[PDB]
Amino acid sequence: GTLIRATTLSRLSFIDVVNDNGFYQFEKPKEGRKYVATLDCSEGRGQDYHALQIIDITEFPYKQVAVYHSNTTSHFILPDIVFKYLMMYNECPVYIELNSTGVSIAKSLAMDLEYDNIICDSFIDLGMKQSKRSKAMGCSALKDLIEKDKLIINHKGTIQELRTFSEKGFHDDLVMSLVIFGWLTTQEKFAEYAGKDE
């Protein structure tokens, strides 16, 4: 009872890139392409990882071009690491799940690093406000993208997590960061970020 149907899961495949201290790069940034990054931060104590997914949304199919995945990042430096990769991907907009750590990272990006491509649900929510409906609808959107071959997955750990991710409520941070992306794609504001500049 996986979210992604078995035949699709069986055809997923990864490019086995070297881990650069948590950063996995499948495509370099390219001129004229438009990206988005989604961030699922770990919170509190336990066995979870921070997961930043960077997706090329210039045109279909969308592509997973890089991932940052770590549970050994110093809290003091996580905003600077995210900022580095957003700047790399053509000053990438970012959509952060606003758990306690995500609220702090979003504020650091806005106030300390002065990054001005933060996707915000509202003036007081500097990212994706937590809700149950955003998870469910983001999962449905992600299922359709992967099953219709409209989102290409390259990363080994992401595929491993997709193969065990249940259709209802093992690590899942790489999938949950893709669920944030799926939810974004259902919103009116996604048209501000997707597509070539006109």
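We number the residues from 1 along the sequence you see.
The entry models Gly169 and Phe170 with a gap of 4 to 9 deposited residues left without coordinates. For the two regions 67-75 and 111-119, the entry's Cα B-factors average higher over 67-75. Higher mean CA temperature factor between 42-50 and 22-30: 42-50, per the PDB entry.
Ranked against the other modelled residues of its chain, the C-alpha B-factor of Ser140 as given in the entry falls in the middle third. In this PDB entry, the Cα temperature factor of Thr158 sits in the bottom third of its chain's modelled residues, the lowest group. Sort the modelled residues of the chain by CA B factor and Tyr62 lands in the middle third. Per the deposited record, the Cα B-factor of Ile15 falls in the middle third when ranked against the other modelled residues of its chain.
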